[PDB]
Amino acid sequence: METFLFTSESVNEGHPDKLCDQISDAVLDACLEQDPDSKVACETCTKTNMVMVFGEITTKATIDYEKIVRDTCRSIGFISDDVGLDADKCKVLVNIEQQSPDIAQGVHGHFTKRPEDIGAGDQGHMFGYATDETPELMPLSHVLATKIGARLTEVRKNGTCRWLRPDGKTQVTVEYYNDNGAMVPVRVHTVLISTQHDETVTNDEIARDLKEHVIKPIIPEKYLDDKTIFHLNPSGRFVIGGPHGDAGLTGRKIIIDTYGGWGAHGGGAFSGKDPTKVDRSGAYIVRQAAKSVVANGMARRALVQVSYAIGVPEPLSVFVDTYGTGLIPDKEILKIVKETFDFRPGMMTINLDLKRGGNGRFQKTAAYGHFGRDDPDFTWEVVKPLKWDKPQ
Amino acid sequence: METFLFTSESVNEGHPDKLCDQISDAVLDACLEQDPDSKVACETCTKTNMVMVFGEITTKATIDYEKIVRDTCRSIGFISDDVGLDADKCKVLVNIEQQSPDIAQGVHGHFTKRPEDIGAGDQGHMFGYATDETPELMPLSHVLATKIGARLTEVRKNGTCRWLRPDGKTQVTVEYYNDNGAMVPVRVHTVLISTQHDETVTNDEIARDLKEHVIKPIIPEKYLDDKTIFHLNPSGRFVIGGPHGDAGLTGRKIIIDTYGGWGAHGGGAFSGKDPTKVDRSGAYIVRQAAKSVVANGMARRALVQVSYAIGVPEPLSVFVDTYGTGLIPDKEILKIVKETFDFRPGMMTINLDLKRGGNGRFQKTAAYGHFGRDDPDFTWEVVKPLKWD
Ligand SMILES: Nc1ncnc2c1ncn2[C@@H]1O[C@H](COP(=O)(O)CP(=O)(O)OP(=O)(O)O)[C@@H](O)[C@H]1O
Ligand SMILES: Nc1ncnc2c1ncn2[C@@H]1O[C@H](COP(=O)(O)CP(=O)(O)OP(=O)(O)O)[C@@H](O)[C@H]1O
Ligand code: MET
Ligand code: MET
Ligand SMILES: [K+]
Ligand SMILES: [K+]
Ligand SMILES: [Mg+2]
Ligand SMILES: [Mg+2]
Ligand SMILES: [Mg+2]
Ligand SMILES: [Mg+2]
Ligand SMILES: [Mg+2]
C-alpha cells in the first residue's frame with residue numbers, strides 16, 4: 001500500500017497571534033452589536049507589556065477599545081507578567097481612524113448602495129475546501145491538531161493540568177492513502193505539542209500529562225500505534241510565553257484558520273473584518289459551496305476559488321475542482337455551484353447573517369479555526385441542498 | 001477544449017503590508033551586515049503617521065531602527081502626508097527586546113550549537129512548488145500579476161506615468177488547460193489593476209495609461225485577445241493610500257510572497273526572520289527541491305512539504321507529489337530529494353548562504369515575490385542536479 005505523510009499544526013487561544021485575532025474580532029463583535037452596518041478593519045499587535053489596536057472603523061457604535069482589549073486578554077488568562085502579559089498592567093495603544101472615503105464611496109456609496117449593488121470591499125481570491133475523511137468534512141491532519149490545541153486549553157481551565165499556561169501549539173503528521181483522488185487516513189505518524197508551563201512541573205510530568213490527558217482522549221485509538229512518534233515540549237523549557245516570548249499580530253494564522261495546508265488559500269486574513277471584506281464573506285461562502293458539493297454526495301473532495309475587484313459586486317472568476325472524485329463532471333458542478341450560490345458581497349452578508357455580532361459571534365471563529373465547527377453561529381457550515389441526478 | 005479559470009494577485013512595494021515586509025527585512029539585512037549570527041524576529045506595522053518595529057532581536061550589531069524605517073519608507077516614495085506617509089515626519093515606535101532565553105537554549109544553545117545540531121527555531125510546515133508553464137518554473141497567473149505590479153512601480157519611478165503614487169495592486173485570471181496533470185495557460189481572461197494616483201488625472205487617462213504603459217509591455221501578446229476583460233481602478237478614486245488608507249503588518253502577503261494560490265502554503269511569514277526560522281529557510285529549500293525535480297525533467301509539476309519541531313534538527317515529515325506528471329514514481333523522487341537536500345536548518349543556512357545581509361539581500365525578497373527571480377542572491381533558485389534514470 002503506497003502512502004505519504006501530510007502535516008498540519010494548530011495553536012490554542014493563548015498563542016499571541018491568536019490573541020490578536022480574538023481582540024480584532026472582539027472589536028468587530030462590539031461594533032456590530034450596536035451598529036450592524038459597521039465598517040470594521042481592526043488590526044491588533046502585541047509584544048511585552050503592549051497591545052495596539054489599529055486600522056479603520058466607521059460605526060455609530062460607542063466603543064471602549066481599551067476595555068475590549070483588557071477584557072479579551074483577561075479571559076484568555078493573560079493576568080500576570082508571570083504568564084507573559086498582564087491585561088491590567090499592559091500599555092493599550094489605539095490608532096483607529098474612519099474608513100477612507102475613497103474606499104467607502106466605491107464599496108457601499110457611504111451606506112447608500114442596495115445589497116445587490118454593494119461592491120467587493122477589495123480585490124483578491126478565496127478558496128473553499130471539503131473532504132469526506134471526517135464527519136465535519138475537514139482534513140484529519142488539521143482537525144486532530146486543532147482539537148488537541150482545544151483539549152490543551154480545556155485541561156488548564158478545568159484544573160486537570162494545573163501546571164499549564166495559556167500559550168500552546170500542536171502539530172500532527174498523518175499517513176494518507178490516495179483512493180481515486182479521495183484522502184484516506186491510515187495512521188497518525190508524529191504528534192507534537194509545545195505548551196507554556198509553570199516552574200512546578202518536570203519534563204517527565206509534562207510528557208505523561210500531555211499524552212494521557214490531552215493527546216489520547218482526542219486522537220481515535222484506531223490511528224495510534226506503538227510506532228507513532230511523540231515530540232512533547234522538545235525545546236526543553238517553555239516558561240516565558242505569550243507576547244513576552246513572541247510578538248503577535250492579526251492574520252498570521254490564516255492556514256490554522258482554514259484547512260491546515262490542504263485545498264488552497266488566497267492569502268486574505270479573516271479576523272477584525274466586517275463582511276464587505278470578501279476575504280471573510282467570500283471564504284465563508286466557498287467553504288459552504290465545497291462542503292455542500294461533498295455533503296450532497298456529488299464528490300469525496302472539492303476545491304472552489306472565487307475572486308473579486310474592489311467596487312464590483314460580481315466575482316471575476318469561479319472554479320471547482322474535485323481532484324477526480326466528482327460523480328458528475330467538474331464543469332457541471334461549476335454550473336450547479338454558480339446557479340445555487342450568490343457570490344455578491346451584499347447578498348452573502350444577508351444570506352449568512354454576517355452583520356450579527358454579540359454573544360462573541362465572531363470572537364468564537366478567531367480560535368480553533370473558522371471551518372468544521374457545529375455552533376449555529378457558523379452559518380457557512382450549513383449544507384445547502386443541490387439539484388442533480390443523485391445515484392440510486 | 002475544456003478549460004478552467006485560476007486567479008492570482010500581487011501588490012507592489014508601496015502597498016502598506018509590503019512596506020512592513022520590506023522594513024522587517026531591512027532590519028534583518030542591517031543586523032546580518034554587522035553580526036551574521038543575529039537572531040532576528042522583527043515585526044512591523046503601520047497606520048496614519050505611524051510605523052512600529054516590534055519583536056525579538058539578539059545581535060552584536062549597533063542598529064538605528066528609526067533610520068532603517070525612514071530610509072525604507074523614503075526609497076519606496078512615502079515622502080509626504082499627500083502620498084499616504086511622510087518618511088521624515090511619521091512617528092517611529094520601537095518595542096524590540098532580546099530573544100526569549102527559553103527559545104535560545106532550545107534552538108542554538110545560546111550560540112553554542114554546531115550547524116548539524118541547530119534545531120528548528122519553531123514547529124511548522126512549508127511547501128515548495130514548481131511548474132514547467134513558465135521559464136522561471138512558476139505559475140503564469142502569479143508571474144503576470146507580479147511582473148505587472150513591478151512594471152506599475154517602474155513607470156512611476158522612471159517618469160512614464162507621473163500621476164502614479166506608490167500603493168498599487170494587480171490581479172490576473174488565466175484560462176488553463178490540464179494536460180495529464182500539467183498546467184497549460186490558454187489566454188488571459190481578466191486583468192485588474194488598482195493604483196494610487198494624484199488629483200491631476202482622469203479615470204479615462206488612468207485606464208489608457210495602465211493598458212499602454214503597464215499591461216501591454218508585460219503580458220505576452222499570445223495570451224491577450226479581444227475578449228480579455230479589463231478592470232482599471234474600478235473603485236473610481238484611489239487618491240488616499242499607503243498607511244493613510246489601510247493599516248499594514250509584516251507577513252500579511254504570504255501567498256503573494258509564494259505561488260499565488262498554486263501549490264500550498266504552511267502559513268509561515270518570511271520577512272524579518274533569520275534562517276533559524278525554518279518558515280524562511282525551510283520554504284527556500286523546498287522551492288529549490290520542487291524546482292530541481294521539474295528542471296531535471298523528472299516531472300512537469302512538483303509539490304514538496306517539510307515540517308519541523310522546535311529544537312529538532314531533522315524534519316518530522318517530507319512529501320513529494322507530482323500531480324501525476326512524474327516520469328518515475330513519487331516514492332522514488334522523495335528518496336532522491338532526501339538523499340540530495342539537507343533539511344537541517346544549520347545546514348540549510350550554510351548551503352544557501354542565508355547569513356549574508358547587505359546590498360538589500362533580504363529587502364529585495366520582501367517585494368515582487370521570494371521565488372522565480374534571477375538575482376544571484378536568490379540562492380534557492382539555483383537548480384541542483386538529481387541522479388536518476
Ligand atoms: N480607494 C481605494 N480604491 C481601491 N483600492 C484601494 C483604495 N485604497 C486602498 N486600496 C488598496 O487596497 C489595499 C488593501 O489590500 P489588502 O492588504 O489585501 C486589505 P486587508 O483587509 O488588510 O487584507 P489582507 O489580509 O489581504 O491584508 C490597500 O493597501 C491599497 O493598495
Ligand atoms: N520556549 C519555547 N518553546 C517552545 N515553543 C515556544 C517557546 N516560546 C514560544 N514558543 C511558541 O512558539 C510560538 C511561535 O509561533 P509562530 O507565530 O508560528 C512563530 P512566527 O515566527 O511569528 O511565525 P508565523 O509567521 O507562523 O507567525 C510562540 O507564540 C509560542 O506559542
Ligand atoms: C481596500 S483597502 C482594505 C479595506 C480597508 N482597510 C477598509 O477600511 O475598508
Ligand atoms: C518559537 S517563538 C518564534 C520565534 C521567536 N520570535 C524568536 O525570537 O526566535
Ligand atoms: K512573532
Ligand atoms: K488592513
Ligand atoms: Mg507569529
Ligand atoms: Mg485607565
Ligand atoms: Mg488582500
Ligand atoms: Mg492588508
Ligand atoms: Mg508559525
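Sequential numbering from 1, following the chain as shown.
Every residue, even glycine, has its Cβ placed from backbone N, Cα and C.
Copied over from Swiss-Prot, here are the features:
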BINDING   B:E9  Mg(2+) binding site
BINDING   B:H15, B:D167, B:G168, B:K169, B:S235, B:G236, B:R237, B:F238, B:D246, B:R252, B:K253, B:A269, B:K273, B:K277  ATP binding site
BINDING   B:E43  K(+) binding site
BINDING   B:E56, B:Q99, B:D246, B:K277  L-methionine binding site
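Features per Swiss-Prot, on structure.
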residue	record	DSSP class
B:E9	Mg(2+) binding site	strand
B:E43	K(+) binding site	strand
B:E56	L-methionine binding site	strand
B:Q99	L-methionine binding site	coil
B:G168	ATP binding site	strand
B:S235	ATP binding site	coil
B:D246	ATP binding site	coil
B:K253	ATP binding site	coil
B:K273	ATP binding site	strand
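Between the CA atoms of B:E9 (Mg(2+) binding site) and B:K277 (L-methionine binding site) there is a gap of 26 Å, rounded to the nearest whole number.
The closest partner of B:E56 (L-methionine binding site) among the binding-site residues, by CA position, is B:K273; the full candidate set was B:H15, B:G168, B:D246, B:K253, B:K273.
Here the binding-site residues are B:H15, B:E56, B:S235, B:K273, and the ones sitting under 8 angstroms from chain A, going by CB atoms, are B:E56, B:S235. Closest to B:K277 (L-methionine binding site) in space, going by CA atoms and restricting to the binding-site residues B:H15, B:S235, B:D246, B:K253, is B:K253. Sequence-distant neighbours of B:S235 (ATP binding site) (same chain, 6+ residues apart, CB-CB distance under 8 A): B:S194.
In this structure, none of the binding-site residues from B:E9, B:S235, B:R237 has a C-beta falling under 6 Å of any atom of ligand 4. Among the binding-site residues B:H15, B:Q99, B:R237, B:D246, B:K253, B:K273, the ones whose Cα sits within 10 Å of the Cα of B:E43 (K(+) binding site) are B:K273. Filtering B:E43, B:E56, B:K253, B:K273, B:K277 by Cβ distance to ligand 6 (under 6 A) retains none of these binding-site residues. Taking every protein chain shown into account, B:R237, B:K273, B:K277 are the binding-site residues, and of these the Cβ with the most other Cβ atoms within 10 Å belongs to B:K273. Across the residues the record lists as binding L-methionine (B:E56, B:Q99, B:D246, B:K277), the two Cα atoms farthest apart are 30 Å from each other.
Inclusion criterion for the binding-site residues B:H15, B:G168, B:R237, B:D246, B:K253, B:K273: a C-alpha placed within 10 angstroms of the C-alpha of B:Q99 (L-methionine binding site); this criterion is met by none of them. Among B:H15, B:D167, B:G168, B:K169, B:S235, B:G236, B:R237, B:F238, B:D246, B:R252, B:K253, B:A269, B:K273, B:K277, the residues given in the record as binding ATP, the maximal Cα to Cα distance rounds to 42 Å. Cβ contacts within 10 Å of B:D246 (ATP binding site), excluding its own Cβ and spanning all protein chains shown: 24.
Among the binding-site residues B:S235, B:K273, B:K277, the ones whose Cβ sits under 6 Å from an atom of ligand 1 are, in sequence order, B:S235. Using a 10 Å radius centred on the Cβ of B:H15 (ATP binding site) and all shown protein chains, the other Cβ atoms total 27.
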